[PDB]
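# pasting the first chains of the complex, positions unchanged:
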Amino acid sequence: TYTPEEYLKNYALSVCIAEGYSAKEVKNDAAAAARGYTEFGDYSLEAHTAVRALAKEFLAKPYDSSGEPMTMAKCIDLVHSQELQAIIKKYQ
């Protein structure tokens, strides 16, 4: 199993990747993963929407890359961030 916190972090990564790339292949796949972490998770739908909002905040940050958008790095930083931890502790 994952813990509730780990599920909400998996959800964070999954929605971040689904939001941050345009390829339908990936949006659809990561979206289905995010739905699964929400259904097996314990956090409220509100906690989930605040995580999604935070993911968009991270994706909106301009990273210096290589010429790549560095989405992958933004989503990894999101999962590791003090900001996501604050959301977890607001709701826990």
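Here it is on my side, so go on. Numbers count the residues shown, from 1 in each chain, chains lettered A, B, ... in the order given.
# and the residue nearest the centre of chain A?
Most central in chain A under Cα atoms, centre = their mean is residue A:12, positioned 2.1 Å from the mean C-alpha point.
# thought residue A:41 was touching residue A:11?
Yes - using Cβ atoms under 8 Å, residue A:41 makes contact with residue A:11 at a distance of 6.3 Å. Heads up, the C-betas are built off the backbone N, CA and C, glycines and all.
# what residues are shared contacts of these two?
Common contacts of residue A:41 and residue A:11, defined by Cβ atoms under 8 Å, 6 or more residues apart in numbering, comprise residue A:48.
# neighbour count: the two, which is higher?
The neighbour count for residue A:41 versus residue A:11, taken as other Cβ atoms under 10 Å, is higher for residue A:11 (25 against 21).
# extra chain here, label it chain B:
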Amino acid sequence: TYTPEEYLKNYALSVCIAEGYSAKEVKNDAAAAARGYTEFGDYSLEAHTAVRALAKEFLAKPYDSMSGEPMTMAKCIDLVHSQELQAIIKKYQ
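This next block brings in chain B, placed alongside the chains you saw above:
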């Protein structure tokens, strides 16, 4: 921001996402991220190639899905939390 084990975990997820999806957009971006996470001050070249082998094994597993999507994202998440990845980290410590 990251210990060397957290970097190797970031590498693992990046290479898994680069390997796991067809789309060049995501492939190029995730591969570029994996290069950034590649360091050899605590994890050898061989530690990395074992991480990549393990990612490809995770991607090879069939996952059930009510959506009919392959669940690549879930496979890669499972990789990063796997005992097999921990064993790599311990071995090459």
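# quick revisit: which SS class is the residue nearest to the centre of chain A?
helix (DSSP: H, G, I helix; E, B strand; the rest coil).
# residues touching it, list them.
Applying Cβ atoms under 8 Å, 6 or more residues apart in numbering or on different chains, we find residue A:12 in contact with A:51, A:54-55, A:75, A:78-79, A:84.
# how about residue A:6?
Contacts for residue A:6 (Cβ under 8 Å, 6+ apart) come out as residue B:81.
# just the element for it, please.
If you go by DSSP states H and E, residue A:6 is part of helix A:4-20.
# gap between that helix and the chain center?
In terms of Cα atoms, centre = their mean, to the nearest Å, the centre of helix A:4-20 is set 3 Å apart from its chain centre.
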